[PDB]
Every structure is written in C-alpha cells, then in structure tokens.
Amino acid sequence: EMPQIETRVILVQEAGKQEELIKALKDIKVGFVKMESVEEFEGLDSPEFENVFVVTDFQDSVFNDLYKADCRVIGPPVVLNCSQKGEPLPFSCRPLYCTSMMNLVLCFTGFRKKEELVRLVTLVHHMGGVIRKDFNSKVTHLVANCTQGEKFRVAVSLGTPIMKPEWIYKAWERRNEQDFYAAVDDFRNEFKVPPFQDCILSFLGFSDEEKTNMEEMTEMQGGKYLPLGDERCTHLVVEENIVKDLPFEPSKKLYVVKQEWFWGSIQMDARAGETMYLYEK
C-alpha cells in the first residue's frame, strides 16, 4: 500500500442504487458513501480516506468532471470482480472501467486519423491495457493494425497477435461481462487480421480445379483475387517448377512468389514474409 491511508469508495449517482455492488463492497470490507451532485465533492476531502469514485458509465457528465479534478475513478465491473475473485481494489494512473485488457501491452501501426487513434487509446486504457510507442518483446496480445508495415513485418516474424481495430470496440461492448477477458483464443480469433488483408492475388501454372480452389480460399482468408495480369494485383503466385519462365512483366512493387508462400501464409494464419519466396531464373 503506498497511499498511507484507508481507502473509501464513493458511489457516484445512480451507482448508489446498484445493488449487487453494495453487497460486494460489504463483501470485501470496503466502506462506501454516495454522491449525486458534483457540488457534494467539496465535503468528501477527508483526512481519514483516499477516495475512489465509482462511475456507472463513462461518460456521464460527471465523468469528465472527476477527471478534471484528477481523482481515482472506476467502473462497477472492477468491483464485483474483486468480490468474485476475492481481490483488493486495483490501482492505475487512469480511470478503469473494467479489466478485459489487464494487463496486455498493445502497439499500433498504420493509423492516419488522430481522433480515432485516441478513441482506441482511451478504450484500451479503460480496460485497462497499456501501449508502447516502439515495438518490442514486451508487446502482448496485440499489434492493433492496418496491413502494410515495418512493425507488422516484425510482428509476423514473432508470432505475436495482429489485431483489427474492431477488436477493441467489439471488446468494449462486453465491458459489463463477468468473466470476459479479451486475449482468449476464440475471441482473439474472430478479430485477428486475416492472412490476406489488402491483398489481391493471381495464379500461374495451376489446374482450373487447383486454381479455382485457391481463389475460393483467398476470398476466405480475407483476401481478394483477380484474373491474371491486372495492374491492381499485390502479389502473383507460381508453380516454381512448371513455370520454367513467364508470360507477362510486373510493376516494381508487385510480388512474384513461389507456390509455398501461399500455404505458408495460411498454415501460419498470418501474412508471410515475401522476401523469402521472390522468384529468380
């Protein structure tokens, strides 16, 4: 314990009414008080306690209120969960609604709009994950991301989960779910980046059955495919064998891979490092 004083929960507005809650505070020997108005705030400064305010929903008005006062805020879920798992109040620099994303470490690549980033960044925080400027080992459960990228490239080579922004929002929706944690395999799965995102493909040296099976798969691994030779292709795959050589010519930034890169990427469940399959001879 670093604050040298007994902790006390304030139940803010309609939180006061929520029942299972009180029973939980009582359940974990923590004293509460209630508060309906932001004027009542003044008389809550008490030498006897450090105050933790429970808010029912960020953001009621009262939320950006308490924030502005720099005080310690939390969501109902954080509490019940302490009574359920027989815990003590957790601490963090920031408001904490629940605990879905305790204690992952996230990282972002390919975001061009500030507003949205922040929104994500807040949500994680509430949940409450942390973020890292720089991609390293400590990065948990997560690169939140849009497909081309230098840390994406890395994250691939490490086998650390790459996630769609939707992961977060769809996780924040389950904020009031009891034993819900957002790194669980299945939920992670629904929301990872599909091996072929922002990918458009074409095939060479293949059976109209083999091929038309691949096409089927590509659209299914989140990719899109196009009739050969289009300029809007990202990569193009070959039978490195059967093709002793080639019919068309590419653009600089189009890819010319070997058969394996395709299944590699799928057995991997993540886009794969192209440099390794680049075509020669």
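Counting begins at 1, following the sequence as shown.
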property	result
Mean C-alpha B-factor comparison - 22 to 30 and 234 to 242, higher one	234 to 242
Mean C-alpha B-factor comparison - 195 to 203 and 90 to 98, higher one	195 to 203
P227 by Cα B-factor - lowest, middle or highest third of the modelled chain	highest
Relative C-alpha B-factor of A272, binned into the chain's lowest, middle or highest third	middle
Modelled-residue ranking by C-alpha temperature factor, third containing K114	lowest
Entry-reported Cα temperature factor of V184, expressed as the chain third it lands in	highest
Cα B factor band for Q221 (lowest, middle or highest third within the chain)	middle
